[PDB]
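Student: Order-wise, the sequence lines are chains F and P. The first sequence begins at 1021 in the UniProt record's numbering and counts up by one. Throughout the second sequence, residue numbering follows the UniProt record's numbering, covering 245 to 510, 520 to 732 in sequence.
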Amino acid sequence: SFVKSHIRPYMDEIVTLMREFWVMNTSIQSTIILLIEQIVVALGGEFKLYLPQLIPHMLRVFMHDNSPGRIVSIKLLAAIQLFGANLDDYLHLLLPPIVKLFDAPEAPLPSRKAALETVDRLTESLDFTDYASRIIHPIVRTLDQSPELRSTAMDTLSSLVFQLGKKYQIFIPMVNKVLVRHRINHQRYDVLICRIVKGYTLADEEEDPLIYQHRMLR
Amino acid sequence: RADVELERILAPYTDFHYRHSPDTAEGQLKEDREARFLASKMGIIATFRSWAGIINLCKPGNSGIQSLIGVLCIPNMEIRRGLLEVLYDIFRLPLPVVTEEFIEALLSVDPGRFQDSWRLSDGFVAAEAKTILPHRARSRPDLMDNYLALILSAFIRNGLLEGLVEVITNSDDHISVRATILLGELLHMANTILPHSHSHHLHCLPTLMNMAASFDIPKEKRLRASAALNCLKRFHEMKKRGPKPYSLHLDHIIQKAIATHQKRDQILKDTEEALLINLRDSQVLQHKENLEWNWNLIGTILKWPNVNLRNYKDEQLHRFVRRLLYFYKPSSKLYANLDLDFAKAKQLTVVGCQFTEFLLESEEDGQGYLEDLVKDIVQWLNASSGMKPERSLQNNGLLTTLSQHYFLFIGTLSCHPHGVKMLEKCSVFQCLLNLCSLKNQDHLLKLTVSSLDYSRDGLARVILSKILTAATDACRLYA
Ligand SMILES: Nc1ncnc2c1ncn2[C@@H]1O[C@H](COP(=O)(O)OP(=O)(O)OP(O)(O)=S)[C@@H](O)[C@H]1O
């Protein structure tokens, strides 16, 4: 936390120390996760060099978790929301474990909420256009068998269809069945689909989301 | 002589410590270097436009084009950043901005970026349509493509792509972004102007993919190679997107043309509950303070399929419509006073257009409001054109405020068949016929010639013909 980016010449060995004492189910993960968060805040952009070595363990935490209420999964999810644009080349083997977390009907409800919210918040720095079919269907499955995860799943869906332009117009009749079956009203999803079906402009539809994020950051 | 006379002009780049004059003032040593760089660039990009220079610089021997690529593969951040400008202006490509992030320099090379020629005073719509809309020729030779293909083949033969990859990986970020953009532009030009045999193995990029997939090299090179591949894919997506209408008149023109082409050859209900909820959260009826309304909700309550003031006879909806009408009227001096470059200026215009079309969607219940709005617009236009003796000069407000978008409302109103009837009920077409005659205001003719619709025969073509035959020479030229 004190040396921001000068820890690089001694960072690799640090990872070598974390891969040795990160056993699966003990009280040592609660501090390893905080160490990961602090390393992420320190490196800030160069973390992608040392992210792969910590990817297996994370996966073994997502499936082999026997914590009361799945609180280690929640801490790991809150630690993942800090990665930002670092998990750009590694979103392919780290997203499926999270999409498998909120569509499982036996997982605790707060863990599913945490997964939905981290998927919702990870779209403010990443391009989620390619991984559209892997997210649209688990969400419409979470919407018809979970009467309490409706609002958070709708927020995630609205944040996802904001990046997709007219590329989402093919899914509208598929989601509308579930939306009218349970009388699901969301005010931002209605806005987005109204601007998708009926045109708003021509330059605003089918736009790179990173371009929009950059032009709104300035 | 063979290899010592003509190849001198590229000595400032190939020689890292180049001294042109034996005795020069020691005070000016960097300005002299920049002048040498500029002159050598102007000579190098001038020998590649002639055949006697192309052939003599790309000879199969120890030519002067291989010495130009070889010094590009040397980590010298002064020669390497100056050779990229020569490569950029050799292929007639636009230069990106000097940044370190790819997503900011990719936006500066957008074929549809705003230009100074597209302003109302300069080139309002005709100059803008030239850039974004493509030429009508699909089989003309276009000798420029021939020349560019020859130059690109000559450069690829001597190993330019490998040098660009080496510049992309082993260099700074300021130069990595510019080399990635140049590589993307060259890869796009390849699959467009090169024959299939010349460009069927270029998209593999072996030297970059073998680096992005090798786990023996240091991890920094692998990660920057993967990032370069991702940026190349992003550039390809940007290229296959296309240029989009920057302005709001050309947008409506293209949309109307596409709609005509679609309809020449062949959703939620929200009965009473969701309509009222969306009308409530919009905040229009809670308070009448403008600029604090929720304009997204207004747009979606105006654009929803079956909400047309003709099947939902609710007093709250009529209050909503009357408040929006009083806001949009120019006499109220509420919308017509906001200046251009406003924070939310395009959205207000889009909402106004879809609102004056929603009023038209009710052919039996939307007269009292639409007639009032268009009559107020005609009043404002006759006052600002010079048909009154008060001032007869109001160009200081039309050119700098959102009151110039009242031509877009008449434009989106003249497309529909029931729209032109309402437009003729009031003295709109006669007003434009009278406006065509004046000589002092030329911007109003630009505005009225690029807003109306000429799809069907009627009074809309008579105004166009009157401007084309009897008008000011500059207005006639723009028409
Ligand atoms: N900035 C404004 N935007 C909209 N309306 C305004 C604005 N400023 C004043 N008004 C007044 O509000 C009127 C529209 O309100 P109405 O449609 O009559 O609904 P209303 O709630 O009955 O209005 P009042 O004031 O209560 S009678 C405008 O025509 C003006 O009389």
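Backbone N, C-alpha and C define an ideal beta-carbon position, used for all residues, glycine too.
Check the DSSP bridge columns for P:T375 and list the partner residues they point to.
Tutor: Note: P:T375 sits in no beta bridge, so no partner.
Student: Say yes only if the C-beta of P:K586 is nearer than 7 Å to one or more non-hydrogen atoms of ligand 1, and no if none qualify.
Tutor: no
Student: Near F:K1186, which residues of its chain fall below 6 Å by C-beta distance, leaving aside the five closest residues on each side in sequence?
Tutor: Once the five neighbours on either side are set aside, the close Cβ partners of F:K1186 are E1225 and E1226.
Student: Should F:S1050 go down as buried or exposed, given a rule of 16 or more other Cβ atoms within 10 Å for buried?
Tutor: exposed
Student: Output the boundary residues of the alpha helix (DSSP H) element that contains F:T1172.
Tutor: Judged by DSSP secondary structure, F:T1172 falls within the alpha helix (DSSP H) whose first and last residues are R1170 to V1181.
Student: My understanding is that F:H1077 touches P:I347, with C-beta atoms under 8 Å, so please give their C-beta distance in whole angstroms.
Tutor: Wrong, their Cβ atoms sit about 31 Å apart, outside the cutoff.
Student: Consider the Cβ of F:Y1188: report whether some Cβ of chain P lies at a distance smaller than 8 Å.
Tutor: no
Student: Is it the case that the region 1166 to 1179 of chain F contacts the region 1131 to 1151 of chain F, given that we only count it when at least three CB pairs across the two stretches are under 8 Å?
Tutor: yes
Student: Quick check on the DSSP output: what are the complete alpha helix (DSSP H) runs of length 4 or more inside the region 632 to 657 of chain P, in order along the chain?
Tutor: 648 to 651
Student: Cβ of P:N543 within 7 Å of any heavy atom in ligand 1?
Tutor: yes
Student: Should the region 584 to 597 of chain P be called in touch with the region 649 to 662 of chain P, which here means at least 3 C-beta pairs below 8 Å?
Tutor: Yes, the region 584 to 597 of chain P touches the region 649 to 662 of chain P.
Student: What does F:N1205 touch in chain P if you count any residue whose Cβ is under 8 Å from its own?
Tutor: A527 and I530
Student: Could you check which residue in P:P583, P:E429, P:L666 and P:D460 has the C-alpha nearest to that of P:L476?
Tutor: For P:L476, the closest alpha carbon among the candidates P:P583, P:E429, P:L666 and P:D460 is that of P:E429.
Student: Taking the C-alpha atoms as reference points, what is the distance between F:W1042 and F:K1095?
Tutor: 15 Å
Student: Does the count of Cβ pairs from the region 620 to 637 of chain P and the region 246 to 263 of chain P closer than 8 Å reach three?
Tutor: no
Student: Run down chain P in chain order and give the residues with a C-beta less than 8 Å from the C-beta of F:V1211.
Tutor: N549, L550, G552 and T553
Student: Do P:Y731 and ligand 1 come close, with the Cβ less than 7 Å from some heavy atom?
Tutor: no
Student: Roughly how many whole angstroms lie between the Cα atoms of F:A1124 and F:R1170?
Tutor: 15 Å
Student: Output, in chain order, the set of chain F residues within a Cβ distance shorter than 7 Å of P:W546.
Tutor: Result: empty, since nearest Cβ-Cβ is about 14 Å, beyond 7 Å.
Student: I'd like to know whether the C-beta atoms of P:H696 and P:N635 end up nearer to each other than 8 Å.
Tutor: No, these two residues do not count as a Cβ contact at 8 Å.
Student: I believe F:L1146 touches F:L1111 by the beta-carbon criterion, under 8 Å. Please report the beta-carbon distance rounded to the nearest angstrom.
Tutor: 7 Å
Student: Alpha helix (DSSP H) containing F:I1192: first to last residue?
Tutor: Taken as a continuous stretch (DSSP letters only), the alpha helix (DSSP H) holding F:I1192 covers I1192 to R1201.
Student: Short of 7 Å Cβ to Cβ, which residues in the region 343 to 371 of chain P face chain F?
Tutor: Across the region 343 to 371 of chain P, CB contacts with chain F closer than 7 Å involve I347, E348 and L351, in sequence order along the chain.
Student: Any idea what DSSP makes of residue 517 of chain P, helix, strand or coil?
Tutor: Since chain P is numbered 510 and then 520, with no step between, residue 517 of chain P has no place in the structure shown.
Student: So P:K541 and P:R576 are supposed to be a Cβ contact under 8 Å. How far apart are they, rounded?
Tutor: With 8 Å as the limit, P:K541 and P:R576 qualify as a contact, their Cβ atoms being about 7 Å apart.
Student: Give a single yes or no on whether P:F580 has its beta carbon closer than 7 Å to a heavy atom of ligand 1.
Tutor: Within the cutoff, so yes.
Student: Mind checking F:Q1165: buried by the 16 CB within 10 Å criterion, or exposed?
Tutor: Flag for F:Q1165 reads exposed.
Student: Distance cutoff 8 Å, beta carbons only. Does F:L1069 sit that close to anything in chain P?
Tutor: yes
Student: When the Cα atoms are used, what is the spatial distance from P:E410 to F:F1067?
Tutor: 24 Å
Student: Going by beta-carbon coordinates alone, are P:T553 and F:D1109 separated by less than 8 Å?
Tutor: no
Student: Name the chain P residues that come within less than 9 Å of F:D1175, Cβ to Cβ?
Tutor: Residues of chain P passing the Cβ test: none, with the nearest at roughly 16 Å.
Student: So is the beta-carbon of P:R576 under 7 Å away from any non-hydrogen atom of ligand 1?
Tutor: yes
Student: Could you name the residues of the same chain whose beta carbon sits closer than 7 Å to that of P:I288, not counting the 5 residues immediately before and after it, in chain order?
Tutor: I253, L254 and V330
Student: Out of P:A434, P:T609 and P:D460, which has the shortest C-alpha to C-alpha gap to P:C448?
Tutor: P:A434
Student: Go through its chain and collect everything with a Cβ distance to P:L587's Cβ below 7 Å, but skip five positions before and after it.
Tutor: Non-local beta-carbon contacts of P:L587 in its own chain, meaning distances under 7 Å to residues more than five positions away in sequence, involve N543 and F580 in chain order.
Student: Any C-beta of chain P sitting closer than 8 Å to the C-beta of F:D1109?
Tutor: yes
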